[PDB]
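Note that we place each Cβ from the backbone using ideal geometry, even for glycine, and neighbour counts take in every protein chain shown. Read-outs throughout are calculated quantities, based only on the coordinates presented, and are distinct from any laboratory measurement.
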Amino acid sequence: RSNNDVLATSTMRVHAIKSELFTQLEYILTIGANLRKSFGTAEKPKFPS
Amino acid sequence: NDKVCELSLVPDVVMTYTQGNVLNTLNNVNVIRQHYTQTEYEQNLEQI
């Protein structure tokens, strides 16, 4: 399988293609604030780390 | 001499023995160059 003992060849071509397709996506929203607690309001604004 | 000449000969083995379909029935021959029938050409087309 490794030696140079083989007949001259010149004729490779793409014979076949397989593909693992990413076909459905997922999203990671990464912000720097704890969404899972209280925001305050427009003028009483809470900024939760 | 003035009256009689000599001819050296070697036989055209090709001409003599190869006419007709002979060559095309030989089998298991390692061929080295030839021309191809349409069909056999399409097959070797990539190579050429």
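Details
- Top-ranked residue of region B:1-29 - restricted to ones that are among the β-branched types (V, I, T) and in a loop (DSSP other than H, G, I, E, B), ranked as farthest from the other protein chains (Cβ to nearest Cβ): B:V4
- Qualifying residue in region A:41-48 (condition: away from chain B (no Cβ under 14 Å) and in contact with a strand residue (DSSP E or B) (Cβ under 6 Å, 6 or more places away or on another chain)): yes
- From A:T23, A:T41, A:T9, residue being more than 35 Å from the chain's Cα centre (by Cα) and either over 30 Å from B:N30 (Cα atoms) or acidic (D, E) (or both): A:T41
- Within the set B:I48, B:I32, the sole residue that is assigned to a loop (DSSP other than H, G, I, E, B), within 14 Å of another protein chain (Cβ to nearest Cβ) and under 14 Å from the mean Cα position of the chain (by Cα) turns out to be B:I32.
- Among the residues of this structure, A:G32 does not count as one that is surrounded by 10 or more Cβ atoms within 10 Å (Cβ to Cβ) and away from chain B (no Cβ under 14 Å).
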